[PDB]
file target.pdb (PDB, C-alpha atoms and all ligand atoms)
ATOM      1  CA  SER M   7     -92.967  59.658  -4.498  1.00  0.00           C
ATOM      2  CA  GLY M   8     -96.678  58.915  -4.413  1.00  0.00           C
ATOM      3  CA  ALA M   9     -99.729  58.457  -2.246  1.00  0.00           C
ATOM      4  CA  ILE M  10    -103.122  56.795  -1.880  1.00  0.00           C
ATOM      5  CA  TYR M  11    -106.199  59.035  -1.450  1.00  0.00           C
ATOM      6  CA  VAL M  12    -109.131  57.114   0.024  1.00  0.00           C
ATOM      7  CA  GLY M  13    -112.015  58.933   1.737  1.00  0.00           C
ATOM      8  CA  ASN M  14    -110.544  61.676   3.963  1.00  0.00           C
ATOM      9  CA  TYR M  15    -107.197  59.791   4.223  1.00  0.00           C
ATOM     10  CA  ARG M  16    -103.807  60.288   2.523  1.00  0.00           C
ATOM     11  CA  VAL M  17    -101.482  57.193   2.709  1.00  0.00           C
ATOM     12  CA  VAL M  18     -97.752  57.801   2.133  1.00  0.00           C
ATOM     13  CA  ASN M  19     -94.462  56.167   2.945  1.00  0.00           C
ATOM     14  CA  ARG M  20     -93.592  57.263   6.527  1.00  0.00           C
ATOM     15  CA  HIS M  21     -90.082  58.287   5.371  1.00  0.00           C
ATOM     16  CA  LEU M  22     -91.633  60.719   2.802  1.00  0.00           C
ATOM     17  CA  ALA M  23     -94.306  62.212   5.114  1.00  0.00           C
ATOM     18  CA  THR M  24     -94.390  66.052   5.130  1.00  0.00           C
ATOM     19  CA  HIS M  25     -94.899  68.492   8.026  1.00  0.00           C
ATOM     20  CA  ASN M  26     -98.523  68.872   6.936  1.00  0.00           C
ATOM     21  CA  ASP M  27     -98.924  65.085   7.131  1.00  0.00           C
ATOM     22  CA  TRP M  28     -97.587  65.011  10.734  1.00  0.00           C
ATOM     23  CA  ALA M  29     -99.709  68.132  11.591  1.00  0.00           C
ATOM     24  CA  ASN M  30    -102.824  66.091  10.440  1.00  0.00           C
ATOM     25  CA  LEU M  31    -101.693  62.628  11.603  1.00  0.00           C
ATOM     26  CA  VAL M  32    -104.161  59.718  11.802  1.00  0.00           C
ATOM     27  CA  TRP M  33    -101.832  56.741  12.146  1.00  0.00           C
ATOM     28  CA  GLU M  34     -98.188  55.888  11.549  1.00  0.00           C
ATOM     29  CA  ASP M  35     -96.010  52.772  11.879  1.00  0.00           C
ATOM     30  CA  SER M  36     -92.203  52.886  11.305  1.00  0.00           C
ATOM     31  CA  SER M  37     -91.978  49.045  11.032  1.00  0.00           C
ATOM     32  CA  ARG M  38     -94.415  49.196   8.012  1.00  0.00           C
ATOM     33  CA  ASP M  39     -93.016  52.477   6.533  1.00  0.00           C
ATOM     34  CA  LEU M  40     -96.613  53.890   6.465  1.00  0.00           C
ATOM     35  CA  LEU M  41     -98.174  57.131   7.583  1.00  0.00           C
ATOM     36  CA  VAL M  42    -101.776  58.230   7.119  1.00  0.00           C
ATOM     37  CA  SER M  43    -102.872  61.876   7.374  1.00  0.00           C
ATOM     38  CA  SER M  44    -106.351  63.465   7.157  1.00  0.00           C
ATOM     39  CA  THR M  45    -107.478  65.394   4.024  1.00  0.00           C
ATOM     40  CA  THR M  46    -110.072  68.219   3.533  1.00  0.00           C
ATOM     41  CA  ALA M  47    -111.018  66.838   0.051  1.00  0.00           C
ATOM     42  CA  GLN M  48    -112.607  63.335  -0.499  1.00  0.00           C
ATOM     43  CA  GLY M  49    -110.309  60.869  -2.314  1.00  0.00           C
ATOM     44  CA  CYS M  50    -111.590  58.157  -4.686  1.00  0.00           C
ATOM     45  CA  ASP M  51    -108.883  55.464  -4.653  1.00  0.00           C
ATOM     46  CA  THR M  52    -110.407  52.070  -3.874  1.00  0.00           C
ATOM     47  CA  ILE M  53    -108.338  49.853  -1.520  1.00  0.00           C
ATOM     48  CA  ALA M  54    -108.231  46.161  -2.508  1.00  0.00           C
ATOM     49  CA  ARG M  55    -109.829  43.788   0.010  1.00  0.00           C
ATOM     50  CA  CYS M  56    -108.402  40.419  -1.044  1.00  0.00           C
ATOM     51  CA  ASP M  57    -105.437  38.002  -0.943  1.00  0.00           C
ATOM     52  CA  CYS M  58    -104.285  38.569  -4.573  1.00  0.00           C
ATOM     53  CA  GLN M  59    -100.658  37.770  -5.377  1.00  0.00           C
ATOM     54  CA  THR M  60    -100.753  39.214  -8.879  1.00  0.00           C
ATOM     55  CA  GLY M  61    -101.064  42.844  -9.891  1.00  0.00           C
ATOM     56  CA  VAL M  62     -99.360  45.764 -11.628  1.00  0.00           C
ATOM     57  CA  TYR M  63     -97.080  48.403 -10.042  1.00  0.00           C
ATOM     58  CA  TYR M  64     -95.840  51.804 -11.218  1.00  0.00           C
ATOM     59  CA  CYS M  65     -92.081  52.208 -11.449  1.00  0.00           C
ATOM     60  CA  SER M  66     -91.235  55.954 -11.721  1.00  0.00           C
ATOM     61  CA  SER M  67     -87.498  55.164 -12.432  1.00  0.00           C
ATOM     62  CA  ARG M  68     -88.622  53.408 -15.690  1.00  0.00           C
ATOM     63  CA  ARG M  69     -91.799  55.431 -16.491  1.00  0.00           C
ATOM     64  CA  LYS M  70     -93.498  52.019 -16.669  1.00  0.00           C
ATOM     65  CA  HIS M  71     -96.194  49.857 -15.112  1.00  0.00           C
ATOM     66  CA  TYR M  72     -95.057  46.245 -14.672  1.00  0.00           C
ATOM     67  CA  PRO M  73     -97.218  43.179 -14.098  1.00  0.00           C
ATOM     68  CA  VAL M  74     -95.826  41.176 -11.152  1.00  0.00           C
ATOM     69  CA  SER M  75     -96.426  38.250  -8.837  1.00  0.00           C
ATOM     70  CA  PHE M  76     -95.859  39.173  -5.165  1.00  0.00           C
ATOM     71  CA  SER M  77     -95.486  37.431  -1.814  1.00  0.00           C
ATOM     72  CA  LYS M  78     -98.098  37.635   0.995  1.00  0.00           C
ATOM     73  CA  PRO M  79     -97.482  40.455   3.523  1.00  0.00           C
ATOM     74  CA  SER M  80     -94.744  39.309   5.970  1.00  0.00           C
ATOM     75  CA  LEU M  81     -91.951  40.402   8.391  1.00  0.00           C
ATOM     76  CA  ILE M  82     -88.794  40.530   6.201  1.00  0.00           C
ATOM     77  CA  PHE M  83     -85.208  41.620   6.805  1.00  0.00           C
ATOM     78  CA  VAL M  84     -84.494  44.636   4.509  1.00  0.00           C
ATOM     79  CA  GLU M  85     -80.876  45.678   3.662  1.00  0.00           C
ATOM     80  CA  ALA M  86     -79.887  49.302   4.272  1.00  0.00           C
ATOM     81  CA  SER M  87     -81.193  51.879   1.792  1.00  0.00           C
ATOM     82  CA  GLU M  88     -80.630  55.667   1.482  1.00  0.00           C
ATOM     83  CA  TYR M  89     -83.648  56.237   3.813  1.00  0.00           C
ATOM     84  CA  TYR M  90     -83.530  53.291   6.368  1.00  0.00           C
ATOM     85  CA  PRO M  91     -80.887  51.156   8.053  1.00  0.00           C
ATOM     86  CA  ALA M  92     -80.852  47.376   7.579  1.00  0.00           C
ATOM     87  CA  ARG M  93     -83.873  46.260   9.642  1.00  0.00           C
ATOM     88  CA  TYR M  94     -86.999  44.093   9.805  1.00  0.00           C
ATOM     89  CA  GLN M  95     -90.014  45.637   7.984  1.00  0.00           C
ATOM     90  CA  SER M  96     -93.493  44.251   8.641  1.00  0.00           C
ATOM     91  CA  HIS M  97     -96.541  43.864   6.300  1.00  0.00           C
ATOM     92  CA  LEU M  98     -94.080  43.781   3.341  1.00  0.00           C
ATOM     93  CA  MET M  99     -94.677  41.941   0.023  1.00  0.00           C
ATOM     94  CA  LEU M 100     -91.816  41.226  -2.417  1.00  0.00           C
ATOM     95  CA  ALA M 101     -91.767  40.831  -6.225  1.00  0.00           C
ATOM     96  CA  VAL M 102     -89.023  40.352  -8.807  1.00  0.00           C
ATOM     97  CA  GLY M 103     -88.651  43.775 -10.350  1.00  0.00           C
ATOM     98  CA  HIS M 104     -86.928  47.147 -10.382  1.00  0.00           C
ATOM     99  CA  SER M 105     -87.147  49.569  -7.387  1.00  0.00           C
ATOM    100  CA  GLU M 106     -84.913  52.591  -6.524  1.00  0.00           C
ATOM    101  CA  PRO M 107     -85.573  54.932  -3.571  1.00  0.00           C
ATOM    102  CA  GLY M 108     -87.446  57.535  -5.736  1.00  0.00           C
ATOM    103  CA  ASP M 109     -89.865  54.708  -6.733  1.00  0.00           C
ATOM    104  CA  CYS M 110     -91.322  54.669  -3.199  1.00  0.00           C
ATOM    105  CA  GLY M 111     -95.016  55.620  -3.304  1.00  0.00           C
ATOM    106  CA  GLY M 112     -95.710  53.863  -6.659  1.00  0.00           C
ATOM    107  CA  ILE M 113     -99.073  52.043  -6.540  1.00  0.00           C
ATOM    108  CA  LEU M 114     -99.421  48.271  -6.750  1.00  0.00           C
ATOM    109  CA  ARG M 115    -102.977  47.475  -7.952  1.00  0.00           C
ATOM    110  CA  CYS M 116    -104.959  44.291  -8.548  1.00  0.00           C
ATOM    111  CA  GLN M 117    -108.480  43.712  -9.946  1.00  0.00           C
ATOM    112  CA  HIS M 118    -109.862  44.795  -6.479  1.00  0.00           C
ATOM    113  CA  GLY M 119    -108.040  48.150  -6.242  1.00  0.00           C
ATOM    114  CA  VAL M 120    -104.931  49.512  -4.539  1.00  0.00           C
ATOM    115  CA  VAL M 121    -102.914  46.760  -2.773  1.00  0.00           C
ATOM    116  CA  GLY M 122    -100.041  48.861  -1.429  1.00  0.00           C
ATOM    117  CA  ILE M 123     -97.183  51.223  -2.307  1.00  0.00           C
ATOM    118  CA  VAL M 124     -93.524  50.676  -3.182  1.00  0.00           C
ATOM    119  CA  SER M 125     -91.424  50.815  -0.014  1.00  0.00           C
ATOM    120  CA  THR M 126     -88.211  48.778  -0.594  1.00  0.00           C
ATOM    121  CA  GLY M 127     -85.805  48.007  -3.460  1.00  0.00           C
ATOM    122  CA  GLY M 128     -82.440  46.513  -4.390  1.00  0.00           C
ATOM    123  CA  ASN M 129     -80.994  43.114  -5.466  1.00  0.00           C
ATOM    124  CA  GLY M 130     -83.643  42.911  -8.253  1.00  0.00           C
ATOM    125  CA  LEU M 131     -86.599  42.849  -5.836  1.00  0.00           C
ATOM    126  CA  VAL M 132     -89.285  45.469  -5.247  1.00  0.00           C
ATOM    127  CA  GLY M 133     -91.018  45.530  -1.858  1.00  0.00           C
ATOM    128  CA  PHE M 134     -94.544  46.922  -1.282  1.00  0.00           C
ATOM    129  CA  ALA M 135     -96.124  48.081   1.969  1.00  0.00           C
ATOM    130  CA  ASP M 136     -99.529  46.384   2.099  1.00  0.00           C
ATOM    131  CA  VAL M 137    -102.618  48.465   2.974  1.00  0.00           C
ATOM    132  CA  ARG M 138    -105.331  45.768   2.434  1.00  0.00           C
ATOM    133  CA  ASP M 139    -105.473  44.922   6.219  1.00  0.00           C
ATOM    134  CA  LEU M 140    -106.201  48.636   7.064  1.00  0.00           C
ATOM    135  CA  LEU M 141    -110.019  48.189   6.916  1.00  0.00           C
ATOM    136  CA  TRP M 142    -110.647  51.564   8.670  1.00  0.00           C
ATOM    137  CA  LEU M 143    -109.391  53.440   5.540  1.00  0.00           C
ATOM    138  CA  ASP M 144    -112.881  52.574   4.063  1.00  0.00           C
ATOM    139  CA  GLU M 145    -114.890  54.279   6.904  1.00  0.00           C
ATOM    140  CA  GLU M 146    -115.205  57.424   9.198  1.00  0.00           C
TER
HETATM  141 ZN    ZN M 201    -107.068  41.699  -5.374  1.00  0.00          ZN
END

call {"tool": "encode", "arguments": {"input": "target.pdb", "output": "structure tokens"}}
result
Amino acid sequence: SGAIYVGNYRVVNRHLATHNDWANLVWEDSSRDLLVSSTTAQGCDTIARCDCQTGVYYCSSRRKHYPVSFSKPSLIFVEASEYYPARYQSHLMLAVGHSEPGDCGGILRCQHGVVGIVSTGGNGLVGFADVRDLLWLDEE
């Protein structure tokens, strides 16, 4: 689990979105595994605006933050998990590292802020859903 709280936005994995999230929907995209809902309270997470390929992510299944190198956001074939079939996922970045389904929502951060959240796992890779292209999270 986990989320990003920026301005009056909550960013979660689409597959973990709650009724309240859908009842306050701003934007969602299945192909990216992202959903954004509106919040009453102001959040303070800063979204990275950059092309960094190094950062640190939180892995709940190890109670650890790991420094990683990661690929640029791309359309990648993802093998079946507990929560999605085998399919193409867009805006996905991969690193060498540990990721189990419960790790989804863990933040990847660089020197500029939040890069994305854990979305995929398996075969010794961890996949992150990028948010750095979502420039509207910073406004309204
Ligand atoms: Zn950065």

call {"tool": "residues_near_ligand", "arguments": {"input": "target.pdb", "ligand": "ligand ZN 201 (chain M)", "cutoff": "9 Å", "atoms": "all atoms listed in the file", "output": "count of residues only"}}
result
16

call {"tool": "closest_residue", "arguments": {"input": "target.pdb", "among": "M:114, M:91, M:36, M:50", "to": "residue M:76", "atoms": "all atoms listed in the file"}}
result
M:114

call {"tool": "resolve_selection", "arguments": {"input": "target.pdb", "expression": "the PyMOL selection byres (((chain M and resi 16) around 9) and not hetatm)", "output": "list in words"}}
result
residues 9, 10, 11, 12, 13, 14, 15, 17, 18, 27, 41, 42, 43, 44, 45 and 49 of chain M

call {"tool": "resolve_selection", "arguments": {"input": "target.pdb", "expression": "the PyMOL selection byres (((chain M and resi 127-131) around 12) and not hetatm)", "output": "PyMOL selection string"}}
result
chain M and resi 65+67+74-77+84-90+98-112+123-126+132-135

call {"tool": "atom_distance", "arguments": {"input": "target.pdb", "atom1": "atom CA of residue M:51", "atom2": "atom CA of residue M:63"}}
result
14.8 Å

call {"tool": "residues_around", "arguments": {"input": "target.pdb", "residues": "residue M:38", "least_positions_apart": "6", "cutoff": "7 Å", "atoms": "all atoms listed in the file", "output": "list in words"}}
result
residues 95, 96, 97 and 135 of chain M

call {"tool": "closest_residue", "arguments": {"input": "target.pdb", "among": "M:62, M:53, M:92, M:113", "to": "residue M:145", "atoms": "only C-alpha atoms"}}
result
M:53

call {"tool": "atom_distance", "arguments": {"input": "target.pdb", "atom1": "atom CA of residue M:146", "atom2": "atom CA of residue M:79"}}
result
25.2 Å

call {"tool": "atom_distance", "arguments": {"input": "target.pdb", "atom1": "atom CA of residue M:139", "atom2": "atom CA of residue M:78"}}
result
11.6 Å
